[PDB]
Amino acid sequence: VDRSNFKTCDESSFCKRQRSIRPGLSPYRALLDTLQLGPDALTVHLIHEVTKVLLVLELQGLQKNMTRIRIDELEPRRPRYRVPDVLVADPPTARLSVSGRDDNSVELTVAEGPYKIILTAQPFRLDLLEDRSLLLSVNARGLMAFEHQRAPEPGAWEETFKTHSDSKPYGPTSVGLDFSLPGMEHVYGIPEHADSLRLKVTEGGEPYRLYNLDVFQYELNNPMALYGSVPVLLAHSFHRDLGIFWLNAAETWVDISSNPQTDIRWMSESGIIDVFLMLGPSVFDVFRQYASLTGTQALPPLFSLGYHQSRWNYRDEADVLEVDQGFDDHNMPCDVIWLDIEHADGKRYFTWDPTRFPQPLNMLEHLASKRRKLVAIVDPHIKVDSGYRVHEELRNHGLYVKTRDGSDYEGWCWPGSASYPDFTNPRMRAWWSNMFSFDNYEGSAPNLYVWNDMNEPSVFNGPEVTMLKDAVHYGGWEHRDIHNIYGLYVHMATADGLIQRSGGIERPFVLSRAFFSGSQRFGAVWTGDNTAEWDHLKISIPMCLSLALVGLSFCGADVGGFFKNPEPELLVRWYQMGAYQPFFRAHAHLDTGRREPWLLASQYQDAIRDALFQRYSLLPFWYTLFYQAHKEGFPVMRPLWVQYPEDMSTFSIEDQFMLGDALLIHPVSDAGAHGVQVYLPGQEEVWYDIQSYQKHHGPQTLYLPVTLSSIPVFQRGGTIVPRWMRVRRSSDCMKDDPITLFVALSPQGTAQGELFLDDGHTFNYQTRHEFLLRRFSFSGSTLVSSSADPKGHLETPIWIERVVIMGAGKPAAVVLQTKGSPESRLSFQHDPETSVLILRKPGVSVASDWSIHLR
């Protein structure tokens, strides 16, 4: 990084003004004579004792253990921004009742208890309790600051950064508030930062910054703002989980301090104070709470969970077809091949280079014959060219972002001079969606999906490589008001384009660089332009875990690193790490050497093929975890503390993670490693090494030996993992194949697991209830398949070809019972050394109820 291109808190006038306020007696007080209580909210006026500015507090109890606090000016010169399109519904409220009242305080009960809110009038404070347990305080350190709008102080008004002058017509309008979390020492979230999963105290340095920015050659372990911003913070202790969602789309700085107690301060450039307090008590309760507000992860089409091969750039159609054929000649599975910016006509999006891609439909038909897909890049910057139809239409319809003088903003990006469509305008989004029809996007087909890059937006000659603060958007809002949702709107409009081009039948696949709260509803995200170095391989875990905690489950990092050339050992370890992360794509910068996996020496090719085969065989498990994310809002990739909340030794772990509740992964992430230290948690828990079947009792730190082909993965006792053991060239080839169930017995001789199946790519699971959700359960010598959702029916040829039971003794006989058939006897194999029992060919449909009895 060139740090001089990005503002520190002292270089952002509003951050410097807010941060200069230190703990003390707040000048704000509530005027209790103005208190009004209704069934949905409590409202009361607040006054600043010195300036006499009046604000309005709207306090609400909400269903599912949440509280909403909104503060705005009582009589503003002009309305303040309130974030649209992020919340999926108007949250259901819970009634507040006055249970206590004096001259300086009001005690409110939420519904019939146990939650209570204490409003103190002077100084203004809110305390949130469950019975007699204080959960959180608001304005405890008196850091609330609401800069009222003055008539349209260094840098309070006009402000320059480098050569860029922000005219700042509305002057200082920042808002900020502090929260106290007694009993909390560990906080997480607020992505995107290339930093530790457990957030650091910011007292002696910079606050964490949330401002979507394109940071060239970003560095590690620092609080600089990266490409996306999710203003959600989680707090974990042995006793409880809490969440804070600060709904503001302006540049935001977050200060974290410790005392046991953690204090959090949010400071935003503009808008209102709008904050949701998610009171848990469990971390799963917090996930459900946040999902009720911003929605859940969109169910990926199955192919998007396979392996993606990309680079900047494949040369032409012949290169794409040679890469396709390379995977098949080297028996390596791959679902998608990607086309970066050189596929277009001079970076005019929605076009094709006429020499390199003259016949895109023919290229797409060949990929379709191999049951593969293609992804093409489409960025939100439009070349200024009178011969380019997209530019002419957007210019003619006034759909570009404007400068204050009313002219269309022009900046520098990949096509040279370019304009920026105003994605905050709902008509611009409708136009964009419609551009993805097969009639408008000539050369596209149903196996062509999309990648949105540079959607911060990236502006090469702009301040901090983004758009001017005082550019003007739909409704007269300034760029400063909306910045962090610009990328989300690009992502949303593209996803809607792919749904609509199919007549609403096909599920979309869109990868986005920039994001905000709610982006989980539109597709995948990735950690941007990382580097081919061991420390960047390591940091992919805390970065994708920080995203998973705040709802963005479909995350990944570029396999091999984007910048520079990885050594073969690093490329192998990166394939192994990526094979166990939700979004799995190899990508590389323009000046790097080619790194298709068959270009390496045989030892490296073989370790990469092994990692690809592991991933493809686990697709039924991955698909089921994503279905659970889509239905419940639970993360796919999880920190160990989510599964072991009372194990304080797991609270900062970031070199290991879990997939659901069933697999624990510790990828090798150091050159020349001959072993790894694996922490296997759980009192009375057992773990099975999935390669050797060796059983290990928790809690312990195991030193596991490793070779180049090793991927340290353990299955938790008590779980059933489904796999497709017949690895084929792509997921479409496999999606109707038989399943093998891997049953890992707990010390009590029990196990359970689910399996979701559908057609792999449409909305039929929701519009026609065409799916299966099975529950597999093992207890007392019997394995049973039953329906976990009887509404789902699916005609499928999928059958159970095998059952592998770890921790089982040798039976004398194995009997299968299924409705509509006579009783069956199965053959079996048993290894007495490992206590692994293999049941041969059950032969039963996955859609049927059945039971297998041992002895």
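Between two forms, the rigid core is the largest collection of C-alphas that superpose within 1.5 Å. Residue numbers here begin at 1 and follow the sequence given.
Q: In 4 other deposited structures of this protein, superposed on the rigid core, which stretch sits farther off in Cα RMS terms, 405 to 413 or 302 to 310?
A: The more displaced stretch in 4 other deposited structures of this protein turns out to be 405 to 413.
Q: Checking chain continuity here. Are there deposited residues lacking coordinates between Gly100 and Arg101, and if so is it 1 to 3, 4 to 9, or 10 or more (or none)?
A: The entry leaves nothing out here.
Q: How many residues that are in the deposited sequence but not in the model lie between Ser282 and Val283: none, 1 to 3, 4 to 9, or 10 or more?
A: Unmodelled stretch: none, continuous chain.
Q: Comparing 249 to 257 with 730 to 738, which has the greater mean CA B-factor as deposited?
A: Looking at the recorded C-alpha B-factors, 249 to 257 comes out higher on average.
Q: Mind pulling up the entry and telling me whether 681 to 689 or 501 to 509 has the higher mean Cα temperature factor?
A: Mean CA B-factor is higher for 681 to 689.
Q: Looking at the C-alpha B-factor values in the deposited entry, which of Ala586, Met637, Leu181, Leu618 comes out highest?
A: Answer, based on the entry's C-alpha B-factors: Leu181.
Q: So among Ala532, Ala291, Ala111, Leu361, who wins on Cα B-factor in the entry?
A: Largest recorded C-alpha B-factor: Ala111.
Q: What third of the chain does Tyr703 rank in for C-alpha temperature factor, lowest, middle or highest?
A: Answer is middle: the recorded C-alpha B-factor places it there.
Q: Hey, what third does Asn313 fall into on Cα B-factor, ranked over its chain?
A: According to the entry, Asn313 has a C-alpha B-factor in the chain's lowest third.
Q: Based on the entry's values, in what third of the chain does the Cα temperature factor of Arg802 lie: lowest, middle or highest?
A: As the PDB entry reports it, the C-alpha B-factor of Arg802 lands in the lowest third of its chain.
Q: Sorting the chain's CA B-factors, does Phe303 end up in the lowest, middle or highest third?
A: Within its chain, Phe303 is a lowest-third residue by C-alpha B-factor, going by the deposited values.
Q: Looking at the temperature factor on the CA atom of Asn565, which third of the chain's modelled residues does it land in?
A: According to the entry, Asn565 has a C-alpha B-factor in the chain's middle third.
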